[PDB]
Amino acid sequence: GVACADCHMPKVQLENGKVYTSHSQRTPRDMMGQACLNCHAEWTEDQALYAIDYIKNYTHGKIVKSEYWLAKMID
Amino acid sequence: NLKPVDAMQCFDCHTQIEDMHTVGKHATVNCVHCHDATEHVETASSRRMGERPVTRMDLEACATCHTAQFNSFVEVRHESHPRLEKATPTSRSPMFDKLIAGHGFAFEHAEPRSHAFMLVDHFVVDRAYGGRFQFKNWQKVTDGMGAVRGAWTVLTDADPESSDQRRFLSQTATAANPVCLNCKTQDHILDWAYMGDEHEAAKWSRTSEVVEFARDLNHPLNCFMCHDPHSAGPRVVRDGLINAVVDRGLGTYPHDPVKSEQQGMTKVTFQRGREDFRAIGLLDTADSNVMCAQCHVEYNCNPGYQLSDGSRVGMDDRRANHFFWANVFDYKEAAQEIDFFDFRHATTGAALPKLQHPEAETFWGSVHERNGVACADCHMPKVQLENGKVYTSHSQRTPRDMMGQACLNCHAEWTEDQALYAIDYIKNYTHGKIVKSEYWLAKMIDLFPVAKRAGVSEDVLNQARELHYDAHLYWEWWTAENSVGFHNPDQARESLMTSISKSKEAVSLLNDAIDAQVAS
Amino acid sequence: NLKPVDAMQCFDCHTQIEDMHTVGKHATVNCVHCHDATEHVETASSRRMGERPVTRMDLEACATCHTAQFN
Amino acid sequence: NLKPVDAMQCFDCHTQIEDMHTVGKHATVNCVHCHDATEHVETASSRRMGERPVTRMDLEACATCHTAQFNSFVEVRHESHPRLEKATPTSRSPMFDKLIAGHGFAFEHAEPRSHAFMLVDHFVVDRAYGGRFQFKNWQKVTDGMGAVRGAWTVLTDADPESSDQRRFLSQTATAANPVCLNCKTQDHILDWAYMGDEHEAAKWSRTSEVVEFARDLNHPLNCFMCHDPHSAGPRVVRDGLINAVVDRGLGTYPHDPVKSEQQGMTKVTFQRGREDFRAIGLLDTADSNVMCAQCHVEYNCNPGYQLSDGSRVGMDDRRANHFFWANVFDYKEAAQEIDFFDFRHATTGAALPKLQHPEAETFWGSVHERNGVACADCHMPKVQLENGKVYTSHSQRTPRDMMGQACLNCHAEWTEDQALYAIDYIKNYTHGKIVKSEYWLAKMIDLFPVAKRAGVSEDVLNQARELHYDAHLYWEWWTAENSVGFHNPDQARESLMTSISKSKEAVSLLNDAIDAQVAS
Ligand code: HEC
Ligand code: HEC
Ligand code: HEC
Ligand code: HEC
Ligand code: HEC
Ligand code: HEC
Ligand code: HEC
Ligand code: HEC
Ligand code: HEC
Ligand code: HEC
Ligand code: HEC
Ligand code: HEC
Ligand code: HEC
Ligand code: HEC
Ligand SMILES: [Ca+2]
Ligand SMILES: [Ca+2]
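Respectively, the protein sequence lines represent chains A, B, C and D.
Take any residue in the first sequence, count from 1 to its spot, add 375: that is its number in the authors' numbering.
Take any residue in the second sequence, count from 1 to its spot, add 4: that is its number in the authors' numbering.
Take any residue in the third sequence, count from 1 to its spot, add 4: that is its number in the authors' numbering.
Take any residue in the fourth sequence, count from 1 to its spot, add 4: that is its number in the authors' numbering.
Encoded structure:
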């Protein structure tokens, strides 16, 4: 039941104030407290960032190998 | 969901509001945002109110369309230390207890904190309601948003079944009275006659039971204190200020008739039946100096005594709600004009004045004021954004937190460290002279018991008491004023040197008299 | 300074808009905030547009009441 | 390399140790880690010690298997300012010299610093040994690890050839006595009888030469003060605490019989021949409130006088080692029960009590204590690790350094800045009332010489001296206590207002009496 806004345009957190919805649609790296760690209480910011990077590093590896094999065929 | 009402129908009986609403930047804002008038409209005539319509005084009535201004206002500055007593060696007045003995401030006088807390802090300080009111627990002291929502959401009353002012703990006082509240809230703006005079249409007045009045009030610093809700234009609502500037003809800048004319005020009066009831002051310009002067002034808001014969002046007297609208060098004359003083010193017996936060009257004539600078320029500047719509910060706080926007934009010749160093030069020099003024006041005060016990004459003691009035005035102005000299450094210097001069004259007088009695 | 128009006059021909506007959280927001329709009202019929009204598409039309979301 | 001994052989004569060692989490830890008993075993019988075996009291005996707990304990908090005198305008008690005149604390009373230094700081403070002991040079003041290794590795004695207490510099005192050391070290745990009573098997007692005793002691806060070395289970070893809780039947929580029963203590006694000698108190739970109460309490550890007739109470009397185990409102009654006071004020002549660091007795009844919170939760929390084996921090320090683990885990509604602001509200308010209490005490004290010289009667002066006892008690409790109100803010408030009330009553009494003598 999670949606794009939960990670990319979360509610602002304020010590004292009227809450509103951030309209800065951007990577959760800039707002990890609101976009990630409120749900994932078991993690620190560095741990959550490490989990993102594990996926991105593995996927990019396979994109590069896919391109190597496509290029070999094309040639 | 709000449903709009027929404003044209309202205007068939409300021509005064029509002329303001239809012309300003709130012409498209429907009455339903701030009034529930359904039963009123069913029962009223042009000459009979019928059912009383409800008017919203909560700040959220504005925050719906003006969130940025609301959020910047309610922010709590945690570096503004809370509940910090001024009568301590590390704060503003190390010898305050000796010097103020006989006044209610001896029971407690803390430094200011953020605006969100003004109403709740008024209710809980030890000198105000005998300790009747407390926060619900010690955690609630952090809750600025809660305070704004309503004082009674965060506070408790020790005895809901009684309405008298009394002590609930031993070292408290009951200094609070209805006039105080006019600089904490304007929730009562439709239930209080101009100056708090008695009036058939007023629920509350100068002579009301302040505990009953307190329970009817909720919100701090209403947004409409500086902004008319109907025209959206700049104004003041504080009665005592309108009385000084307009009724007494002193002007917005008493020392500058030209500036007074260019940046003036127009008094607008509202009636109940055919009798005048309340008033506001529309400003010619969006002048923060006069907006902030609704509260950041020296005032009377309390009973006292007459200088002429020593008789009591009670809350029923118009002098119990008074803006002196005078600088430190004109104050004694201003107090003589209304034949008034605040208290008799517990040790010396002198009639003395009580001074409070005179920022507005101090700023007059300073280099910044003479160059057209105003409170807002240093304390609520425009926000600077790389990409965005500009608005005015409503977080009214020290410029130390925003030096780029509140200082260095004007002073391009300085780095932030240099500007801070210039501030500190003034504050350090001024504080040194406050501490020396207190040393000499204390030395004089301590001689009074010695002189009395030595048999010094009442004529000599009265001469010394006359010097004490001046020695006190020219010192306390500066512990009362919040800038530690920054708003007017040359004036602070001249005043504090005058205080020390007066104390020294009294010390010499008394020492000579004691020595003469010993010799005899 | 904006001056409000009579929405009821618009609603006579614009029932779909009436049904949406009167029910939601913009029921108090006047048409003048986003439309200039004076000549339109003078020339339209129930089925023909007449002179075309101006409609504001700029984001600042929302920014005066919703600055935080705009910024 | 250590070589294990036959524990079963030891147990043939040591059944008491067997029953503790074989059951707890030290069942596999061999005696050789802490005892050298080779000659003992060759010469002993079940009824004759033979050669005395050596027992290790150094903390490194535990650090070998428990490095993390040792290192967190010995860490020095450099932000805990060292050798900082409390009797100064910027510290805890700006008027302490006037108020404490007649007591040894006038010579020096610094703020606390890290636990590693407790024994060395006791030895070098100006009020303790007449300046006999110093660090070897001013560089050694930084060396926490060295202090833990042994006091005499970092200190020098001005005269190794004499053992009397005397002044080596003019503005020092000789307040130290053997009872003090029980809250600095337990190196003497096998050489001191319960309460320090005289005993044939005790090398040291209440009446020993404290300079000779000092030279036999080395380590601060031994690890076994809270942990039995044989069972590894939770305990206390401090005699005065066991006496209050068990012997006098007051319980671990005197204000809560149920909590006292659930979180109780069992006294275990060890004999020398057939005579009782020493004792410990095994705890039902690992209760840090009671562990920390071995030292963070108000106590007697000094000679004094009787309230009844003014006669001397010397170190030989059991009252020279006493835990009152009473809150501020029960203390006067507790002192009357043992017919005791500490000193006569140098100016007023009043019999007065001397109060010291009553954190444990202050915490009772506070909102945190009533909700089951304990000292450790705020001052030595569990460590939080992304990946690792959890242990308990032994760096017993302010929660300001670890707000995430010592505050915000419970208070999820707050940011760190908000929690700090709540602490500061309490401390600022409490400090203001301490400063005002001192102002009024000082005003009263200064009237005593005036009254005496005016010929005021002894009956009036004695009435004033009775008020001084209470005015002092209800003030000094809070300068002595280290939280500046945080541990119990409502109690501090009620107490300080009582002090001011008492001082004011005395000031009025004396002023009226002086005025009457002048009039006559
Ligand atoms: C949290 C569970 C997420 C959900 C829900 C959505 N997105 Fe996402 N997105 C997420 C991460 C961790 C990342 C990588 C960010 C990084 O800095 O490594 C992304 C990435 C994007 C991007 C690229 C952003 C950039 O590179 O700056 C886009 C444009 C994006 N995501 C879009 C998007 C949409 C449309 C979503 C709803 C269908 C959506 N995201 C959900 C995390 C999460
Ligand atoms: C889709 C890509 C959007 C664009 C374009 C705009 N907004 Fe938005 N808005 C969006 C979401 C997902 C939400 C939160 C809805 C929820 O309930 O979770 C919002 C919310 C608002 C609100 C309501 C108050 C608040 O929650 O902040 C307002 C007043 C609002 N949005 C205004 C606004 C403005 C002025 C925009 C142009 C700058 C804008 N929105 C664009 C999604 C989207
Ligand atoms: C003529 C039939 C009226 C109509 C239509 C409306 N109002 Fe009215 N109003 C009317 C009178 C005679 C009075 C009292 C004036 C006096 O002599 O005291 C009022 C008063 C108000 C008030 C102030 C109430 C108070 O607290 O003192 C308000 C806020 C107000 N009226 C609002 C209002 C609205 C919003 C209307 C249209 C929805 C409206 N009024 C119509 C007479 C008449
Ligand atoms: C939406 C329904 C609004 C409510 C509720 C409030 N205000 Fe307002 N305000 C609104 C608009 C559309 C505008 C004009 C914007 C523009 O720049 O064109 C305003 C303007 C103001 C101003 C500026 C006035 C000027 O410079 O002349 C102020 C000071 C102001 N509004 C204050 C204000 C107050 C105090 C409110 C609560 C009583 C309030 N507004 C409510 C929209 C809406
Ligand atoms: C407007 C002319 C005011 C009147 C009338 C009263 N107060 Fe006031 N108050 C005013 C200002 C501008 C400030 C901030 C600047 C400062 O020097 O404090 C305050 C502050 C307070 C405080 C908080 C600080 C403190 O002294 O502890 C309290 C508790 C307070 N004010 C109480 C109070 C009482 C009891 C009044 C009637 C006797 C009263 N205020 C009137 C402005 C004005
Ligand atoms: C006097 C002490 C004020 C209080 C109370 C409120 N505001 Fe204000 N506001 C004030 C000043 C000095 C200014 C700038 C005037 C200038 O042109 O220099 C403003 C401005 C606004 C505006 C206009 C847009 C902007 O400049 O930001 C709005 C919409 C506004 N203020 C709203 C507002 C709200 C919602 C308030 C209650 C939280 C509020 N104001 C109080 C001074 C004062
Ligand atoms: C009947 C005489 C009408 C009146 C009264 C109003 N409008 Fe209208 N409008 C009308 C028609 C027949 C049409 C064409 C579409 C249709 O529904 O058949 C329109 C169109 C518009 C539009 C769209 C313009 C575009 O560029 O496509 C707008 C924005 C609009 N109308 C606004 C509007 C307003 C604000 C009115 C009251 C001031 C109003 N209309 C009155 C017919 C009629
Ligand atoms: C002042 C004259 C407004 C204009 C211009 C715009 N909006 Fe608005 N909006 C306004 C109000 C008074 C409210 C109700 C606030 C409340 O909480 O009751 C709103 C509400 C919204 C919302 C929230 C809707 C919901 O949750 O159901 C949104 C998303 C919104 N407004 C968007 C929006 C857009 C996109 C605008 C430009 C076309 C716009 N608003 C202008 C006041 C005013
Ligand atoms: C019977 C022959 C014994 C053997 C075997 C062991 N111990 Fe012993 N021990 C014995 C006696 C009679 C006493 C004295 C009791 C008394 O009445 O005072 C002791 C004492 C100790 C002590 C305490 C010494 C002190 O400082 O007071 C210790 C620490 C101790 N013994 C240790 C110990 C160890 C480790 C043994 C096995 C290696 C051992 N003892 C054997 C009698 C006997
Ligand atoms: C190794 C030879 C050890 C020496 C020397 C000391 N301790 Fe120990 N301790 C050791 C072990 C293997 C264990 C059990 C670990 C486990 O969790 O299973 C312990 C345990 C403790 C405890 C915890 C006891 C409990 O929770 O019941 C404490 C408080 C403790 N140890 C303290 C302690 C002291 C004070 C020491 C010096 C006198 C000491 N230990 C030495 C291993 C070893
Ligand atoms: C346990 C009941 C104690 C007795 C017996 C003695 N002291 Fe103490 N001491 C104790 C604590 C809990 C603290 C820290 C808290 C605090 O308020 O300081 C101390 C501290 C000291 C210090 C350092 C601070 C200072 O006052 O300079 C010194 C020098 C000191 N203690 C000396 C001392 C003397 C001379 C004692 C016998 C007369 C004595 N202590 C006994 C706990 C206990
Ligand atoms: C080289 C030119 C040095 C400079 C630079 C600093 N110190 Fe020093 N210090 C130096 C020596 C050779 C000694 C004597 C060592 C010895 O064995 O006796 C010291 C001594 C000190 C002391 C002890 C003073 C005493 O016991 O009276 C202190 C507290 C000390 N030094 C501190 C210190 C500080 C803080 C310095 C930087 C501000 C500093 N020293 C510089 C050599 C040199
Ligand atoms: C009382 C003032 C203590 C002193 C002296 C020592 N420790 Fe401690 N220890 C103490 C507490 C309150 C606790 C936690 C109890 C609980 O369960 O909540 C502990 C715990 C230990 C343990 C157990 C493992 C752990 O929780 O970290 C060990 C092994 C331990 N302590 C060892 C130890 C050492 C080596 C000491 C001297 C440096 C030491 N303790 C002193 C309280 C007290
Ligand atoms: C878990 C073991 C907690 C620790 C750690 C801290 N607090 Fe606490 N606190 C806790 C509870 C359960 C309560 C009572 C809540 C209630 O509903 O009554 C409190 C209360 C406070 C208070 C109010 C005190 C009063 O009104 O007398 C304060 C000011 C407070 N807590 C602050 C606080 C601080 C600053 C802490 C870290 C230094 C801290 N608490 C830790 C539970 C726990
Ligand atoms: Ca005044
Ligand atoms: Ca004591």
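By construction, the Cβ of each residue, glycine as well, lies at the ideal position given by its N, Cα and C atoms.
Rounded to whole angstroms, the gap between the alpha carbons of D:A72 and D:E64 is 12 Å. Think of a sphere of 9 Å around the beta carbon of C:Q73: the chain A residues whose beta carbon falls inside it are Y395, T396, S397 and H398, in chain order.
Residue-level contact check: A:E390 touches chain D, since one or more beta carbons of chain D fall below 7 Å from its beta carbon. In this structure, D:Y473 keeps its C-beta atom at 7 Å or more from the C-beta atom of D:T502. With contact defined as three or more Cβ pairs closer than 8 Å, the stretch 215-224 of chain B and the stretch 183-202 of chain B are in contact. Within the stretch 495-507 of chain D, contact with chain B at the beta-carbon level (separation under 7 Å) is assigned to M501, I504 and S505. Interface residue (Cβ-Cβ distance to chain C less than 7 Å): B:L6 is classified as such.
When secondary structure is reduced to three states using DSSP, B:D260 falls in the coil class, being assigned neither helix nor strand. Inter-residue distance for B:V9 and B:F15 is about 12 Å (C-alpha atoms, whole angstroms). Taking a contact to require three or more Cβ pairs closer than 8 Å, the stretch 310-317 of chain D and the stretch 389-403 of chain D do not qualify as touching. Residue contact check for B:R96 against chain D: no CB pair falls below 7 Å. If you draw a straight line from the Cα of D:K508 to the Cα of B:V215, it comes to about 28 Å. Excluding five sequence positions before and after B:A338, the CB atoms of its chain that fall closer than 6 Å to its own CB belong to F328 and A330, given in chain order. Legend: CB atoms of the stretch 404-416 of chain A lying less than 9 Å from CB atoms of chain D are not found in any residue. Nearest to B:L103 by alpha-carbon distance, out of B:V152, B:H349, B:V58 and B:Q495, is B:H349. Contact residues of the stretch 12-29 of chain B toward chain C are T26, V27, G28 and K29 (C-beta to C-beta distance below 8 Å). Those residues of the stretch 26-59 of chain B placed with their C-beta closer than 9 Å to a C-beta in chain C are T26, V27, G28, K29, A31, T32, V33, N34, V36 and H37, ordered along the chain.
In this structure, B:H491 and B:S370 form a Cβ contact; the two beta carbons are roughly 6 Å apart against a cut-off of 8 Å. Taking C-alpha positions only, D:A177 is separated from D:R136 by approximately 10 Å. For B:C69, the closest Cβ of chain C is nearer than 7 Å. In the DSSP assignment, B:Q13 falls within the unbroken alpha helix (DSSP H) covering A11 to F15. For B:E83, no CB of chain A lies under 7 Å from its own CB, so it is not counted at the interface with that chain.
D:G376 sits away from D:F344, with the two beta carbons spaced by 7 Å or more.
Taking C-beta atoms as the reference points, B:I504 and B:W444 count as a pair closer than 7 Å. When secondary structure is reduced to three states using DSSP, D:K508 falls in the helix class. Residue environment for A:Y425: exposed (fewer than 16 other C-beta atoms within 10 angstroms of its C-beta).
Beta-bridge partners of C:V58 (DSSP): C:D40. If you check the CB distance, D:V262 and D:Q298 do not come in under 7 Å.
A:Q400 sits in coil when the DSSP states are folded into three classes, being neither helix nor strand. CA-to-CA, the gap between D:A496 and D:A206 works out to about 42 Å.
Cβ contact annotation for B:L412 (same chain, cutoff 7 Å, sequence separation greater than five): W418, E420 and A423, in chain order. Residues are counted here when their Cβ sits less than 9 Å from a Cβ of chain D; for the stretch 232-249 of chain B the count is zero.
For D:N492, the nearest beta carbon of chain B is not closer than 7 Å to its own beta carbon.
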